[PDB]
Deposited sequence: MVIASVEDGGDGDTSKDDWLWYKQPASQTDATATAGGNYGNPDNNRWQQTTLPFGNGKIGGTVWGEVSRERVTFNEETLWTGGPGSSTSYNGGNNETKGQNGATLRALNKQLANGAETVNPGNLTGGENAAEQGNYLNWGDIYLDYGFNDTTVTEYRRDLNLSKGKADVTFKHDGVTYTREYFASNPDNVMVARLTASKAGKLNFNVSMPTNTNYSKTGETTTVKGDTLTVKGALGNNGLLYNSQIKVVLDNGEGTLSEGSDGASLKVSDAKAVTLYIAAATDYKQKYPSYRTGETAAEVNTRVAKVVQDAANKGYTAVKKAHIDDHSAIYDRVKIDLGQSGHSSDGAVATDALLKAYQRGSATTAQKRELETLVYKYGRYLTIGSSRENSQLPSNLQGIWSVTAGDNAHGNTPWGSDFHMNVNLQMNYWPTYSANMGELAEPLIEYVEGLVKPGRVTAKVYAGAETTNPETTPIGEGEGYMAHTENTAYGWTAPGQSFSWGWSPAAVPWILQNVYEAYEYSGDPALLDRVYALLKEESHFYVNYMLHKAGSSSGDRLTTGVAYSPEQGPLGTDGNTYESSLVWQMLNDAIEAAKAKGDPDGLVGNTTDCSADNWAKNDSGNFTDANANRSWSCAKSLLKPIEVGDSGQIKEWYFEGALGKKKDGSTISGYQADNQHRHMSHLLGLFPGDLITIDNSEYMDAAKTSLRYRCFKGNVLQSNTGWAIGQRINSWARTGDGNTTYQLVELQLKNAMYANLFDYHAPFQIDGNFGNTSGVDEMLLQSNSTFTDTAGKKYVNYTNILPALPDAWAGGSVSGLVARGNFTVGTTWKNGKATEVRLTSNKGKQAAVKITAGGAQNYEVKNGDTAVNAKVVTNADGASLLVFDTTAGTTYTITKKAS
């Protein structure tokens, strides 16, 4: 390992079984062992397989996952159709009738028939694969010199202790380049390494024809999921250093005896494929077997040293892109404390400043680490509710695993990909882009059933050229794009618009023309879908505007209103982004249009759902201009519903049915225009005071800050950051670390939900750098996606530095500050785009740039930007005059 004193570690002086697991367990974790798993174990992965290390003395345990072990989908029934219910949808007639009731003046309608997804065996869920047990068979677990750690920098978990005079060590990592999990096990005296290795599958999912067999140095477990026939195969190849290897007496394990060091190569795979409609590779069980055996064989052929080197090089190339120094201590500090002890001191308010900055920076860093472990460029699937890490397993949705550890697209999956670009991991978004592309074919079925949008030739019609694809909140590995069996969580077609922000951002941050074309195709077809099938002139309940028709605001208030701020803000952003994408391509399709002869009356349709006037302006620019997503209510708040009066009330003073009466609703579905969107910004700030008001009510009772789920706090951190109020933002960071982090630094809802880990990383980035807003100088000139240095810097962080953050337009950003003001900015232009740099903590007019002909422009607020041409590859240093 060499010098690891500068590496980032989570570290513990005792095994998981002796680590504090006393925080709220949450749903599905009533079993003490499962609860211990989520609070205390340490995760690693290669985007595809993953482990969670217990670090037990005698019976060591690594809980094992592979990303595609999903029940549900084709083969789970003889009629799997993505959950779509034709009798419910009626080819769009059910929705059309409901929207007509709204347009005619209803405030609410009963959307109870807009459901699908009734068979929980078809929906399925993500499964814990099983565990690897390394049973040392010690007579007692008495040890000294015990440490377990996770080295975030090298992308490995370590265990060491001394037992009866002998030092045992363990090291675990999962290589992306060699697609293999590695366990390096050592004893300090020859002959003293003795253990049994087995890999039991989780006992709670049904199985068909599973066998566990040993041939030579290799243990193989293989079967088919009883729920859907999915083939699975895992293998452990045990390579003794140049000791004894025997078949375990149970015939289901391997026995290493009288050894000193061994390397285990672990691989696993299924025959899953993200390929509609079959979702299989077509391999036979023998083929998957051969494939998996070759993985471990190729790895062994390369050998431990070379595999480990290629892994650390691969991991660290991404992990080391970003450095942050807020004055933290670390594991090699005098008086360094273990991570569980750090957490406890932080929660009790006894942590020193250096210790507070250690936990804060470790949590930040862990969100980046966790992206690398769960979401690689070659992962078949994006990160799910738990990344890739789980201990729970059952056959059916809404079963033994909370929310199926699924792809949840009414905030959670989005939050997973909030830090991915700004924290310099842009390539790791690729599985999300492919996933969303993967929704187009099944979602055209949903679009046709529920909105009457039928794409002909749905198999050969390219993305961008269809009539629309529709998906809702709960999604899976298998194009489960139907609405849920209950509307009040299940129906949410704006999920697609919203996840298309995360996708569009891949181009916004890179300027890559291959991405431009991919994101343009998606936006074009989803915009067409909404303009042609979803939008209508509102009824009297929602005033004068286009709305999206029957809607629910996740996840509170009335069912089936005439649009809402959530859906309008989202559709506005989508049309915004679609227009930007079209412009960048020279508008080849002529879809941008204009606001000429533009009216909500342009959307009039006949009884059969076709536009009355074929020639009327329904262009993207027109539609966008008619949404008017934002209104301020009687309490000075952003309204969540257009019939809103005061906060939580209707115009006539009556409460809004189902509004969460304390004001602490976890979702803030009506503030998406502030974060992640570009609708309410520090520049376009007509509604910033109302946004802040709304935020205060959502987080505070008087002057007392309220707690919430980890993800709800993660959204609040990001939203406060966009306001510029760095002090309040930081109160939320602190609240998250005190109330929503287990001892292993897993974010919790409860239970463990990874969303809030990625929300934390994003929220910190947004404190130090923003790049989403548009500046308008006093001459009227526009600077779109300008680089905003230290926009929400808390007084708690008076000095520090960060390097390697990414701004839209593709600029890498480093900044150092002291006494609350930037002392240096380093701006690397990766694409040659003109720079426009605001310095919120210091004022850009007070700085000069070197490599430079930089002009200062000012807005009516008195805010200044530095503006200068750049060359791709060049870094510009900005310092105070």
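- If you line the structure up with the deposited chain, the stretches without a C-alpha atom are 1-10, 253-254, 864-867, 898-899.
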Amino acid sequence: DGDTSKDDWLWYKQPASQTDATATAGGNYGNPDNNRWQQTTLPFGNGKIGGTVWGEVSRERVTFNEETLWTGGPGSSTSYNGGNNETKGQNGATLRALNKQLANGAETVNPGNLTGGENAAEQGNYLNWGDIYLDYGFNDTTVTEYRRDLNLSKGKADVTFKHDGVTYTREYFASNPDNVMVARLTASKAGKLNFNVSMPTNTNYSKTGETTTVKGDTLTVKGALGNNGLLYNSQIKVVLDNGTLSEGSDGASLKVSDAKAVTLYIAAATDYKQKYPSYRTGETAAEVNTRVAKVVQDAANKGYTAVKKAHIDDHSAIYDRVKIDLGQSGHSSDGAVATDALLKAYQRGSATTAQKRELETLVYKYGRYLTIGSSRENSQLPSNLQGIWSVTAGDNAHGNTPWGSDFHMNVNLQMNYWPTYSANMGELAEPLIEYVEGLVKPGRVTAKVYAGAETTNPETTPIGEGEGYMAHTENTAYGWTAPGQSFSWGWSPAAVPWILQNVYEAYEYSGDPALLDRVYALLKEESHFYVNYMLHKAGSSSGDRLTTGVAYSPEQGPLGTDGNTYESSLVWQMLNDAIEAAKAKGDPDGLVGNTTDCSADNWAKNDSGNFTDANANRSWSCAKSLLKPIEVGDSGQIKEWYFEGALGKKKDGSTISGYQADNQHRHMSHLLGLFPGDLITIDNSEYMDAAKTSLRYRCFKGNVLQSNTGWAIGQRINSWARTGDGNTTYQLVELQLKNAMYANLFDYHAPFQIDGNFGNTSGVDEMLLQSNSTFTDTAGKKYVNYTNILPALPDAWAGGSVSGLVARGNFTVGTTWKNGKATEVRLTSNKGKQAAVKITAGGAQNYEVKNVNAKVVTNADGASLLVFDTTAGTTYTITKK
From here on, numbers count along this sequence of modelled residues.
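- When 633-641 is weighed against 277-285, 633-641 comes out higher, by mean CA B-factor as recorded in the entry.
- The stretch 549-557 shows the higher mean C-alpha B-factor when 427-435 is compared against 549-557 in the entry.
- In this structure the maximum Cα B-factor among 450, 659, 530, 369 is found at 659.
- Set against one another, the Cα B-factors of 172, 711, 480, 168 in the record reach their highest point at 168.
- Sort the chain's modelled residues by C-alpha temperature factor and residue 834 lands in the middle third, per the entry.
- Residue 94: CA B factor in the middle third of modelled residues in this chain (values from the PDB entry).
- The deposited CA B-factor of residue 55 belongs to the middle third of values across its chain.
- In this PDB entry, residue 823 carries a Cα temperature factor that places it within the middle third of its chain's modelled residues.
- For residue 49, the recorded CA B-factor ranks within the lowest third of the chain. Only modelled residues enter the ranking.
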